[PDB]
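Structure first, then comments.
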There are 2 protein chains.
Amino acid sequence: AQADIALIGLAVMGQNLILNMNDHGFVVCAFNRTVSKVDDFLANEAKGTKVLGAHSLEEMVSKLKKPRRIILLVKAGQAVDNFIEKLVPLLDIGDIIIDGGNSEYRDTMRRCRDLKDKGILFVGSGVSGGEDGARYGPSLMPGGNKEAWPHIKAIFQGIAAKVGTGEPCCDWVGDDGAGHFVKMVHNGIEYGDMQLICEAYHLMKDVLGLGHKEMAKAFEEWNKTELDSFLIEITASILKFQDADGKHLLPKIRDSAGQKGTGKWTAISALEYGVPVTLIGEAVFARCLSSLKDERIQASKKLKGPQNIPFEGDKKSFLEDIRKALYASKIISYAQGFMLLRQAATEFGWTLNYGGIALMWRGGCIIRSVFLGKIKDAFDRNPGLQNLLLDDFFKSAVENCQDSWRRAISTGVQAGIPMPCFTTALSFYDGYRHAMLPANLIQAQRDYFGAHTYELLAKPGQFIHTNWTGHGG
Amino acid sequence: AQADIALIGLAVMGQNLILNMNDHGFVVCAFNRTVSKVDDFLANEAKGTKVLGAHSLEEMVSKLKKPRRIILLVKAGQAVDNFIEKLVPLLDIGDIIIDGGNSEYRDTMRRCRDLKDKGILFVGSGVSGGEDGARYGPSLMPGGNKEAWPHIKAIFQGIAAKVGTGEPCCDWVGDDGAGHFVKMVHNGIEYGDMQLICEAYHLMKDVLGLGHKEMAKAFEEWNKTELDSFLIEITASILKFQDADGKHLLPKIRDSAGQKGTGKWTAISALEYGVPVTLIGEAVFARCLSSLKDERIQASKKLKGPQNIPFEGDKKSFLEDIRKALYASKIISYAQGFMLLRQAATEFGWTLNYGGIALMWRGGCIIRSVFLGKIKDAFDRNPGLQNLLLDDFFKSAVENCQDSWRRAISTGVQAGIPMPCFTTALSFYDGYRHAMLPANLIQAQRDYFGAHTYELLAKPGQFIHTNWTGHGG
Ligand SMILES: NC(=O)c1ccc[n+]([C@@H]2O[C@H](COP(=O)([O-])OP(=O)(O)OC[C@H]3O[C@@H](n4c(Br)nc5c(N)ncnc54)[C@H](OP(=O)(O)O)[C@@H]3O)[C@@H](O)[C@H]2O)c1
Ligand SMILES: NC(=O)c1ccc[n+]([C@@H]2O[C@H](COP(=O)([O-])OP(=O)(O)OC[C@H]3O[C@@H](n4c(Br)nc5c(N)ncnc54)[C@H](OP(=O)(O)O)[C@@H]3O)[C@@H](O)[C@H]2O)c1
């Protein structure tokens with residue numbers, strides 16, 4: 001018994017995590033099912049370290065100090081069950097299996113329970129940051145069977161990213177599939193930030209007639225304001241990047257965005273639990289829209305746009321307007337984000353700490369920014385805050401962006417620039433603001449052709465059906 | 001053996017369908033699990049008819065002429081399986097069970113298959129029209145095991161609604177859960193038309209400062225143009241309706257729209273199969289938004305809108321603009337609609353006839369309009385049409401609405417009127433029109449932090465990963 005923990009999965013991610021643990025002075029024993037890679041790694045990337053290698057699961061198992069704790073960094077689905085299947089014969093009661101892959105939260109729920117009756121503590125951690133992050137400090141969102149926590153605590157917390165105060169971007173998220181649900185919402189939001197930036201980019205390019213150099217200038221200027229964040233930083237870099245031949249690389253890239261399912265799942269869960277997360281949803285369908293590249297080429301030949309009117313206005317004011325519109329829409333996407341988190345917390349009975357979650361996304365992870373700090377502030381002042389838009393900072397932030405956000409959308413709209421996420425954020429803001437909505441008309445017509453029954457404004461609760469057919473006749 | 005068919009389920013729907021069949025001269029034997037209702041119906045609504053009553057399933061079963069065909073009009077889920085369970089012992093090979101309830105298409109797929117190995121022909125029909133329709137002529141969308149079709153054909157076709165040419169709004173849709181998938185897309189679209197009308201209503205009300213009388217005037221004027229349809233007709237009636245006390249009824253109704261899940265499922269399936277059906281999706285989230293009525297009241301007190309600028313323009317021109325914007329967005333929602341249908345057809349291997357489907361929605365059903373006729377035209381001229389927007393009628397229709405649709409959205413946007421479906425339809429139109437989209441930026445950043453790899457515009461197919469980190473350093 002010498003290894004404090006094991007990690008199974010030696011793709012770069014696993015590999016880097018093992019090293020990161022090693023630097024914090026934890027003896028890890030690695031394992032992988034194509035076992036040659038254990039040697040390959042010990043010889044190459046890991047030479048000089050304290051990491052032990054294992055050639056059999058039972059070897060890995062005997063290596064472990066108790067409580068045994070092993071991590072799975074294997075891609076999702078079937079694979080994780082199969083590893084689990086094998087590990088159970090070999091484990092004692094009180095032992096711990098961790099699933100770091102991007103697993104479906106219902107599978108984590110299943111596995112966690114099933115194992116608890118077998119006496120094994122199971123946790124599902126979301127891991128974020130990518131390779132870079134896995135090596136120096138990822139954010140780790142662990143949920144599942146709470147008993148496990150104190151045993152992995154010092155490890156998880158020690159290898160995580162920490163923001164300035166020294167806080168690790170990792171703490172116990174909650175029961176069952178909490179860690180893995182939070183993780184998919186993170187990615188859902190990640191989709192959202194990217195699409196907004198594309199929209200911001202599309203207005204500069206097509207309306208303002210800007211070039212990639214000034215565009216990167218603009219983005220790095222913006223990264224000095226409230227938009228200070230990782231995806232704004234990297235977009236500045238991406239826009240300046242000269243290919244081998246001198247030309248800019250970006251306009252050479254094919255416009256068919258991929259997705260490995262997480263953002264999609266976020267949108268499914270919102271539709272299932274009745275939460276209006278419109279911007280992540282628009283983002284997911286935007287990526288599907290970009291996949292019909294051949295259709296679009298065919299379409300551009302047949303479908304006309306607006307009459308061409310130039311932009312007779314000021315390039316730098318409008319550039320300011322685009323910044324505001326972006327910032328405002330970012331806030332909406334996050335409020336919709338934490339709404340879903342709240343609903344989930346109530347449908348599965350998890351006690352989520354939203355301020356904690358925000359801190360766990362302030363470092364390591366791809367959506368990291370200063371902005372998450374300002375969200376954290378909100379939930380410390382009020383853990384019970386019902387919607388983020390109600391917090392004074394954010395209500396002040398959006399009314400301050402009012403005129404610009406509506407100006408930008410409107411100009412975009414005349415020019416023919418597709419803005420799916422800028423528009424849903426404004427529609428949602430205007431929708432949520434109104435204490436009375438035309439949904440009454442919906443209720444009336446449902447009752448007309450389908451007799452579904454309706455409530456009155458006053459006397460909420462008693463249902464009526466009107467014979468509308470004729471008021472007589 | 002005297003009954004040509006049986007119907008199990010004596011809610012008004014079942015009841016009316018039985019009568020409708022009876023008028024076409026088919027002896028039906030009714031059954032229901034609270035058996036007293038069979039008497040209740042025979043004595044009351046059905047007295048004087050040819051309908052027989054049954055007190056035991058085995059009684060119902062012996063009543064039947066062969067091939068035995070019985071219809072289930074029971075609400076979905078568990079219930080339908082249980083009826084099925086019981087009917088199998090009692091049925092012979094070649095017998096037919098029909099499911100008219102709004103069942104999940106995956107359940108229809110399961111049941112259809114399972115039964116085929118038991119030798120029973122199973123069909124899932126979507127039924128639309130509501131009570132009214134079930135009595136004189138519903139639209140019936142039947143899918144499942146094709147063998148069944150010729151045996152029920154004359155019945156189904158005979159009791160269906162028929163449009164002017166004499167065509168029944170019913171024909172064989174296709175295999176497995178085709179009929180029930182089509183049905184849920186119908187409802188998805190139904191949601192879409194309603195939300196658009198609410199949006200149209202919200203601009204007249206809040207911007208144009210119109211009153212319910214002129215608003216109904218406007219809607220019935222519009223029902224004389226391309227918008228001639230059932231939901232426009234009934235909205236005219238709904239707006240004029242005076243309550244007991246003289247006042248208009250509509251503004252007394254609580255604005256929290258319900259949904260019995262179908263529209264939602266449509267949006268799930270689109271997210272699952274990667275189809276950008278943005279307007280039905282916006283519609284579903286709009287209904288969820290209206291359920292947070294208490295939140296909205298709380299929100300209106302804290303969240304500011306745009307600076308109040310009146311509408312200094314012309315009320316009747318703008319009213320024309322709203323009509324156009326509605327019509328245009330209707331077209332987009334339907335194109336997105338038939339896209340999903342096409343994708344489904346390809347993922348399950350159904351040979352859907354889209355012109356047929358359109359005819360099946362031109363009568364009986366809630367979304368019926370003249371508009372469906374013009375869609376039918378498109379798929380007759382070209383069964384292979386890839387997207388409805390490419391058809392000459394519709395491309396001409398939308399460019400004709402260009403200026404008004406963008407004018408209306410823009411004014412809405414300044415005024416603070418929530419338009420989620422008007423905006424996604426314009427964003428989608430502008431998105432689909434562009435042969436090149438900023439999705440390239442998405443692809444570039446995914447490759448940056450996650451190494452996902454990208455394609456080049458030219459040389460579509462070979463994947464590259466750039467070390468962006470520093471172009472040196
Ligand atoms: N760039 C990165 O490194 C990166 C970025 C973002 C996220 N991730 C995270 O790391 C996780 C896994 O790494 P990846 O993204 O490269 O995904 P992969 O799909 O490449 O997963 C690689 C691992 O899965 C193991 N595995 C497979 Br594949 N099938 C297995 C099976 N049937 N039984 C047992 N083990 C099996 C492989 O073992 P083998 O190699 O012996 O086949 C390998 O260790 C992801 O789910 C995600 O959480 C990684
Ligand atoms: N206004 C309308 O009539 C209308 C409008 C729109 C759609 N629909 C359509 O008609 C269908 C059913 O009518 P509905 O909308 O009133 O829905 P309901 O949920 O009221 O379904 C009523 C039927 O379900 C039967 N049933 C139930 Br409930 N539980 C059952 C069980 N456990 N085992 C066997 N049978 C069971 C009832 O028998 P019991 O009465 O003996 O309990 C009754 O015949 C819907 O799914 C839909 O397709 C009707």
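All chains are named by letter (A, B, ...) in the order of the sequence lines, taking the proteins before the strands, and each is independently numbered beginning at 1. We use all heavy atoms of the structure for the numbers below, so side chains are in, but hydrogens, waters and symmetry mates are not. Order of listing sets the numbers, starting from 1, for every ligand and every atom in it.
In this structure the side chain of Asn20(A) reaches within 4.5 angstrom of the side chain of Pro138(A), judged on heavy atoms. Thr108(A) is listed as a side-chain neighbour of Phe122(A), based on a closest heavy-atom distance under 4.5 Å.
Remark: ligand 1 atoms within the under-4.0 Å shell around heavy atoms of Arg33(A) are 27 (C), 29 (N), 30 (C), 31 (C), 32 (N), 33 (N), 34 (C), 35 (N), 38 (O), 39 (P), 41 (O), 42 (O). Ligand-side atoms of ligand 2 in range of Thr34(B): 41 (O), range being under 4.0 angstrom from any heavy atom. Listed by number with element, the atoms of ligand 1 under 4.0 angstrom from any heavy atom of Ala79(A) are 30 (C), 31 (C).
In summary, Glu131(A) and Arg135(A) do not engage in a salt bridge, as defined by a charged side-chain N under 4.0 Å from a carboxylate O. In summary, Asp107(B) and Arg110(B) engage in a salt bridge, as defined by a charged side-chain N under 4.0 Å from a carboxylate O.
Taking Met360(B) as the reference, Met141(B), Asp171(B), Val173(B) meet the side-chain contact (heavy atoms from CB on, under 4.5 Å) condition, with sequence neighbours excluded. Every residue two or more places apart in sequence or in another chain that forms a side-chain contact (heavy atoms from CB on, under 4.5 Å) with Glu233(A) is listed here: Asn223(A).
Atom 26 (N) of ligand 2 has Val74(B) CG1, 3.5 Å as its closest protein atom, hydrogens excluded (heavy atom only). In terms of protein heavy atoms, atom 17 (O) of ligand 2 is closest to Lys75(B) CB, 3.9 Å. Of the protein's non-hydrogen atoms, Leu73(B) CD2, 4.2 Å is the one closest to atom 11 (C) of ligand 2. Here the heavy atom of the protein found nearest to atom 34 (C) of ligand 2 is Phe83(B) CE1, 3.3 Å.
Only side-chain heavy atoms of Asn32(B) come within less than 4.0 Å of ligand 2; its backbone N, CA, C and O stay farther off. At a 4.0 Å heavy-atom cut-off, ligand 1 touches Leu10(A) through the backbone alone. At a heavy-atom cutoff of 4.0 Å, ligand 2 is contacted by the side chain of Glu131(B) but not by its backbone.
Within 4.0 Å of atom 42 (O) of ligand 1, at least one protein heavy atom is present. Of the protein's heavy atoms, none falls inside 4.0 Å of atom 20 (O) of ligand 2.
The closest approach between a heavy atom of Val127(B) and any atom of ligand 2 is not below 4.0 Å. The shell of residues lying under 4.0 angstrom from ligand 2, judged by heavy atoms, includes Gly100(B).
Under a 3.5 Å cut-off, the side chain of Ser128(B) and the backbone N or O of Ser139(B) do not form any donor-acceptor pair. With hydrogens and angles ignored, the 3.5 Å screen pairs a side-chain donor or acceptor of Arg368(A) with a backbone N or O of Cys365(A).
Relative to atom 48 (O) of ligand 1, the option among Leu72(A), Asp81(A), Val38(A), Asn102(A) with the closest non-hydrogen atom is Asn102(A). Across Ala11(A), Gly9(A), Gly126(A), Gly77(A), heavy-atom proximity to atom 13 (O) of ligand 1 is greatest for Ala11(A).
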Run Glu190(B) and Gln445(A) through side chain to side chain contact (heavy atoms under 4.5 Å, CB included) and show every step you take. CA-CA 11 Å; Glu190(B) 186 195 277; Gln445(A) 39 209 161; over 6 Å; no
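Ligand 2 has an N or O atom lying under 3.5 Å from an N or O atom of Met13(B), backbone or side chain.
Pairing each heavy atom of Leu10(A) with each of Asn32(A), the nearest pair is N-OD1, 3.1 Å.
Separation of atoms OG1 (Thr34(B)) and CG (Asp40(B)) is listed at 11.0 Å; rounding is to 0.5 Å.
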